[PDB]
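*Asks:* Next up is a structure, given as structure tokens.
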Amino acid sequence: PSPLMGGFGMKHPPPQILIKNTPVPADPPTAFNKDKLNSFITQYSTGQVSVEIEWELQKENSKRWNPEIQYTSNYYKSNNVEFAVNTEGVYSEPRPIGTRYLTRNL
Amino acid sequence: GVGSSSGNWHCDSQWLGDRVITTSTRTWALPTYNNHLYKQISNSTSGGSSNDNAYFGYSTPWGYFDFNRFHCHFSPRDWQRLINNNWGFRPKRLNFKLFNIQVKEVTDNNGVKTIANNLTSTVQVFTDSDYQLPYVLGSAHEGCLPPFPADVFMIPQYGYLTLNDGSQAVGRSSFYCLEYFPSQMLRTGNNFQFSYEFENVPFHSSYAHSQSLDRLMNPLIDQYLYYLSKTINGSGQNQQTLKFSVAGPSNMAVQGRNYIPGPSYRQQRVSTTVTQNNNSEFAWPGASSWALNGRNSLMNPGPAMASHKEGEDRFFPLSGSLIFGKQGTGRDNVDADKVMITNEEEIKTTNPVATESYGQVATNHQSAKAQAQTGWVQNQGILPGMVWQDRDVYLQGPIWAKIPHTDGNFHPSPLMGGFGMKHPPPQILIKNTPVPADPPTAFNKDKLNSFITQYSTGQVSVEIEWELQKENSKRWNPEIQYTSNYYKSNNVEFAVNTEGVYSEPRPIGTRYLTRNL
Amino acid sequence: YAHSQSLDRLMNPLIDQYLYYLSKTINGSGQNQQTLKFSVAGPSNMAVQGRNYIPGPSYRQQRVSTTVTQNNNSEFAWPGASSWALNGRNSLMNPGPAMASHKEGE
């Protein structure tokens, strides 16, 4: 049951976290009306969110003699730095990076 | 504190063996009522009326909290669980919370409305725990908690009636000031709560009978009792005789019985196929009613009686059943497709049909001359040996009522359905404390007439524990159960539509399982 | 004590009921005008509201005026009286079930 787009398949994954601004009615009429209130004060909210994940690693103990292939940046000069902001403040990711650079036997 | 919440949102149901605990939270808004005043009201102030509609009373600046409807506590799925699996239920415990109070002030300039917080204002709340105020709950009024938990609702205004003579009052009339009670005062940051234990009440019967009261005998064995079967030998003069026969399976109508159907008060019969009705106006003139001090009141819904015979579900008693409105239905002269008419067909096994005579009685002495004469019984009171069922309760219907404080009563189950209690859940009264505007700088003895425009909002929570009575039937074949229909439709029943409006498409009773007599 | 409320006046005079009542059976004058119209029972029509409790039992009595000229010019003390029978003997229903003596102003 490994997910086909990649990753870890779990029967009990991290739960969904749901959030909502509590409605605040505007001034109701001074005579009773049984219909649900339709007039509300315009509101929004802001805040900080933190997520901390501990990951377990599995180290390599290869006996390969020659050097491996490694992900690296290229020294050649360019207008911008890869994985940084440009002059207008926009961050970008210039390429997809996988995980398979070290090698193992079958 | 201002920046700390006074309570959390609690809304679910727990099914714990023979108990179920329901919890509901809603958002409410409370305006200022009556400009903070007590006003005398009457049909004179309403514009006049007939004698049957005259009244005298008072409206107050207070509002009140009502949750006396089953959909305030049960979701449709929870109601399905309850009614498909239990013979009975009753309420045991109640807990009530009021929290997250917000008071807002409104300022209206020439062309702009500004709403701001008033951090130092208060709301007053109290419970009528000694039952000293007129009890207006138990009259099937609007203003309860909405069925859908996301709907924000407006708190209804409190008012009451007292003794009247036309539009005038007599010396026996009572005036009540609600400020003459101790109440808790809450700023934004305070909360209110209380607990209540229900009286011991009988379980509601969430079952139908699989036997009829006139079919309780063994269909294979004769009785050892005889009945008169013939009075004349044959055609001709002077043929008088007395012949007796054993009552048995071939003649079940004449068998001796130990118990008889309950009381009746006949209603007029109305067909939903309008062409079958008489071409005249008979809604008021043809209705059953009772009189009190010269005033006529509709007998509505009246004693619990079966709505119709077998195969006559198009007929309904004129004012013998609860009629609910569909979502979006108006208030004046709406068509039959806009309303929902309940039917108490499940009680036809013990209760007489609402639109029929109870039976026949002898009205003379036959002799050799007068023949035997009988008369119809249109209203039959209680007799020893009578059995009956009470009216069913509905997901949209009321839960409890207060039994009037009187010398005597009989079977005080409320006639619109539910649990009758001498000490029901108390009334909960709430009001925004008046905040005067700027007073003059010279003393004036008159009471202040200028106030800051304010309203309040908050959350309310109600938790009820209910005791259940489980079925242990030995019936072999499967029962009837409430179910949804698989066939496709534009909307889902008991859900919202594309515009966000929740609706309840039908009334749901409680009587699907079966029991013997 | 006496009651300061009437059994037919126990409702809130400001709020409608959520129950309907049949209000019209004919559209208007003429033939074949049958219809069914329903209305909300509210403060304007208190006589048709649904109620939970009803007045106690009755056993009707003959009415006698202390202004004698208003009474019928005949003897009706025994013949017009309410009674019950037991083993062929008639007894006056006296005083009988507890009922209100008269209407308002009578």
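*Asks:* Out of residues 5 or more away from B:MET386 or on other chains, whose amide H comes under 5 Å of its own, with H placed 1.01 Å from N in the peptide plane?
*Replies:* B:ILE260
*Asks:* Residues with amide H under 5 Å of C:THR35's amide H, sequence separation 5 or more or different chain, H placed in the peptide plane at 1.01 Å from N; which?
*Replies:* Amide H to amide H, under 5 Å and 5 or more residues apart or across chains, C:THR35 pairs with C:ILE26, C:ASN27.
*Asks:* Only loop residues by DSSP count here, and only those with at most 14 other Cβ atoms within 10 Å; note down the chymotrypsin sites (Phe, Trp or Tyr not before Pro) in segment B:219-296 that meet that.
*Replies:* Values: sites: B:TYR224, B:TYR226, B:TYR227, B:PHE244, B:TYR259, B:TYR265, B:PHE282, B:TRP290; in loops: B:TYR224, B:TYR259, B:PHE282.
Here the chymotrypsin sites (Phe, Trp or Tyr not before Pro) that fit, given the DSSP loop and packing criteria, are B:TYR224, B:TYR259.
*Asks:* For segment B:394-517, rounded, prolate or oblate, judged on the Cα gyration tensor with a ≥ b ≥ c (square roots of eigenvalues), a/c < 1.5 rounded, else prolate if a/b > b/c?
*Replies:* Values: a/c = 4.04, a/b = 1.77, b/c = 2.29.
Oblate shape, in that a/c is at least 1.5 and b/c is the bigger or equal ratio.
*Asks:* Between B:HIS423 and C:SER44, what FRET efficiency follows from the Cβ-Cβ distance if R0 is 35 Å, with the result rounded to 0.05? Could you put the intermediate results ahead of the total?
*Replies:* Working: r = 32 Å, r/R0 = 0.93.
Using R0 = 35 Å, I get an efficiency of 0.60.
*Asks:* Using a ≥ b ≥ c from the Cα gyration tensor of the protein assembly as shown (square roots of the eigenvalues), is it rounded, prolate or oblate, where a/c under 1.5 gives rounded and otherwise the larger of a/b and b/c decides, a/b for prolate? The partial results should precede the final answer.
*Replies:* Working: a/c = 2.78, a/b = 1.58, b/c = 1.76.
Oblate, since a/c reaches 1.5 and b/c is not below a/b.
*Asks:* Which of B:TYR502, B:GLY408, C:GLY96 sits farthest toward the positive end of the charge dipole of the protein assembly as shown, with +1 on the Cβ of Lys and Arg and -1 on the Cβ of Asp and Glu?
*Replies:* C:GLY96
*Asks:* Within straight cross-link reach of B:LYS230, meaning Cα distance under 29 Å, which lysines are found once same-chain residues fewer than 8 apart are removed?
*Replies:* B:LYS243, B:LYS369
*Asks:* For segment B:405-418, take each phi angle, set θ = phi - 60°, evaluate the Karplus expression 6.51 cos²θ - 1.76 cosθ + 1.60, and give the result in whole Hz per residue in order, putting x for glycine and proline.
*Replies:* With the stated coefficients, segment B:405-418 comes to 7, 9, 5, x, 8, 10, 6, x, 4, x, 6, 7, x, x Hz.
*Asks:* Pop a pseudo-label 7 angstrom from the Cα along the beta-carbon direction at both B:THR363 and C:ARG63 and give the gap in nm to one decimal.
*Replies:* 2.6 nm
*Asks:* Enumerate by residue number the chymotrypsin sites (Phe, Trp or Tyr not before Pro) in segment C:14-106 meeting two conditions: DSSP loop (anything except H, G, I, E, B), and at most 12 other Cβ atoms within 10 Å of the site's Cβ.
*Replies:* Sparse-neighbourhood loop chymotrypsin sites (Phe, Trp or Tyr not before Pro): C:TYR59, C:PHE76.
*Asks:* Size of the dipole of the protein assembly as shown about the Cα centre, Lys and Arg at +1 and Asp and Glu at -1 on the beta carbon, nothing else charged, in debye to 20?
*Replies:* Details: 60 positive and 56 negative charges, 259 e Å.
My answer is approximately 1240 debye.
*Asks:* I would also like to ask the following. Express as a percent, rounded to the nearest 5, the fraction of DSSP beta bridges in the protein assembly as shown (both residues included) that run antiparallel.
*Replies:* Details: 107 of 119 bridges.
Around 90 percent of the beta bridges assigned by DSSP in the protein assembly as shown are antiparallel ones.
*Asks:* Residues with amide H under 5 Å of B:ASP66's amide H, sequence separation 5 or more or different chain, H placed in the peptide plane at 1.01 Å from N; which?
*Replies:* B:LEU145
Throughout, read-outs are computed from the coordinates displayed, never taken from laboratory work. Positions of Cβ are backbone-derived with ideal geometry, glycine not excepted, and every protein chain shown enters the neighbour counts.
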